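Next comes just one chain, in structure tokens: the form deposited in one PDB entry.
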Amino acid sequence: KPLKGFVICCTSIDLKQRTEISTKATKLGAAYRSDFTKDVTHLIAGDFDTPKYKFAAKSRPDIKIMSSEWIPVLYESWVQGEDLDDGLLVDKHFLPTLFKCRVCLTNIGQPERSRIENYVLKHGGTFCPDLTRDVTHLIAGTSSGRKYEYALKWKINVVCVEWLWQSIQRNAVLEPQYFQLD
């Protein structure tokens, strides 16, 4: 049982895939949890914007946040008879740090703007030069201007750039209230 000792929980995984992941994980030797219990070791996440993800990032940084592809790929490799690496593909299927983030900026000059786009791309997010209603985070130098006012109207998170640096350090999207502008 390669996943002996692993305890897997899901968040923002569709019911069909959740069933697939639970069964394959259990057949690989893992335990499966519907609720986020203390013994969970891996959180398979389809989104950052859920109570379970927020709980992991805030209170359980020991827990590994995984993409939905991890268990299907590991399972197939295992039943195909291939010799599993001792890491069990975990290092290849961490959820990208800024997965599903769509990051826009305002009131920050060059080259800082160019560097921010570079880090958003390297850490798995989408960079948005124009504010749209689907942006998830507006990094603002000041709480003023057109992008900022439409972010308020569109209910978009407005954060200071430390949100980006600390999320990158943590390998998880941190919550926005911790990075609200003064």
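When you see a residue number, it is the position in the sequence shown, counting from 1.
Not pictured, yet referred to below: the form deposited with a partner chain bound.
Residues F99, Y119 and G124 are flagged as a possible site; in the bound PDB entry, is every one of them within 4.5 Å of its partner chain by some non-hydrogen atom? No, the candidate spot makes no contact with its partner chain.
Contact with its partner chain in the bound PDB entry for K38, defined as at least one heavy atom pair within 4.5 Å: yes or no? Yes, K38 is a contact residue.
I'd like to know if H42 sits close to its partner chain in the bound PDB entry, meaning any non-hydrogen atom pair within 4.5 angstroms. No, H42 sits far enough from its partner chain in the bound PDB entry that none of its heavy atoms falls within 4.5 Å.
So, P61 and its partner chain: in the bound PDB entry, are they within 4.5 Å at any heavy atom pair? No, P61 stays farther than 4.5 Å from its partner chain in the bound PDB entry.
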